[PDB]
Amino acid sequence: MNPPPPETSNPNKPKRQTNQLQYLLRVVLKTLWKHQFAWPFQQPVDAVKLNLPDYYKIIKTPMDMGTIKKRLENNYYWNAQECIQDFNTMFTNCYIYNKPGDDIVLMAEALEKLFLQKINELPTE
Ligand SMILES: Cc1cc(-c2nc3ccccc3n2C[C@@H]2CCCN(C(=O)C3CCN(C(C)C)CC3)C2)cn(C)c1=O
């Protein structure tokens with residue numbers, strides 16, 4: 001079976017808008033979301049549909065851009081570094097689970113290069 005997806009809203013976790021979090025939604029997520037190579041990252045890994053019974057045996061902190069998009073839109077975060085952490089967890093999980101030579105690793109590497117370019121211009125608080 002699949003685990004429940006990561007939460008994108010929590011009534012007990014303080015949240016706010018920062019111009020940095022607005023930049024992460026309007027520029028960073030926006031740019032990555034409709035990249036040609038975005039689609040494997042737009043939702044949680046469905047280990048049932050893909051027949052990957054070991055995925056959630058290996059990956060215990062799953063993350064995906066669908067979850068991050070909802071967290072940004074739902075105002076889940078307190079600061080930009082929490083969101084940048086989620087992006088990096090998504091990339092790290094991909095590189096840990098998958099093998100060099102896998103199409104998904106090339107796809108992640110293209111998205112990560114673009115991610116790092118956009119994060120490099122995170123605005124002043
Ligand atoms: C393992 C995995 C799968 C997916 C995924 N989300 C999908 C949504 C819709 C339809 C298909 C989807 N897939 C399948 C991948 C899509 C890109 C290309 N893929 C590969 O390169 C294989 C190569 C072989 N490897 C090995 C480790 C079994 C597994 C990956 C196959 C996403 N993420 C983040 C993953 O880490």
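What you see below is based on every heavy atom in this structure, not just the backbone, and it leaves out hydrogens, waters and symmetry mates. For this chain, numbers begin at 1 and follow the sequence in order. Counting starts at 1 for both ligands and their atoms, following the listed order.
- For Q43, the closest heavy-atom approach to ligand 1 falls below 4.0 Å.
- Within the structure, every pair that satisfies the side chain to side chain donor-acceptor pair (under 3.5 Å) test and touches residues 21-46, not counting sequence neighbours, is listed here: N2-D46.
- Taking atom 16 (C) of ligand 1 as the reference point, the nearest protein heavy-atom neighbour is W39 CH2, 3.7 Å.
- Proximity of atom 31 (C) of ligand 1 to the protein is not indicated, since no non-hydrogen protein atom lies closer than 4.0 angstrom.
- Residue pairs meeting the side chain to side chain donor-acceptor pair (under 3.5 Å) criterion with at least one partner in residues 108-122, sequence neighbours excluded, are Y95-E112.
- For the pair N98 and ligand 1, the shortest N or O to N or O distance falls below 3.5 Å.
- Considering backbone and side-chain atoms together, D102 places an N or O closer than 3.5 Å to an N or O of ligand 1.
- Counting heavy atoms only, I104 comes closest to atom 34 (C) of ligand 1 of the residues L50, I104, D103, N93.
- Among protein heavy atoms, atom 6 (N) of ligand 1 sits closest to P40 O, 3.6 Å.
- There is a side-chain donor-acceptor pair under 3.5 Å between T8 and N74.
- Heavy-atom contacts of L52 reach the following atoms of ligand 1: 1 (C) (cutoff under 4.0 Å).
- None of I84, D64, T61 except one satisfies the side chain to side chain contact (heavy atoms under 4.5 Å, CB included) rule with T89; the exception is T61.
- Judged purely by distance below 3.5 Å, without hydrogens or angles, the side chains of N10 and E7 pair a donor atom with an acceptor atom.
- In summary, of the residues considered (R71, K70, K69), a side-chain hydrogen bond (donor to acceptor under 3.5 Å, both in side chains) with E73 occurs for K69 alone.
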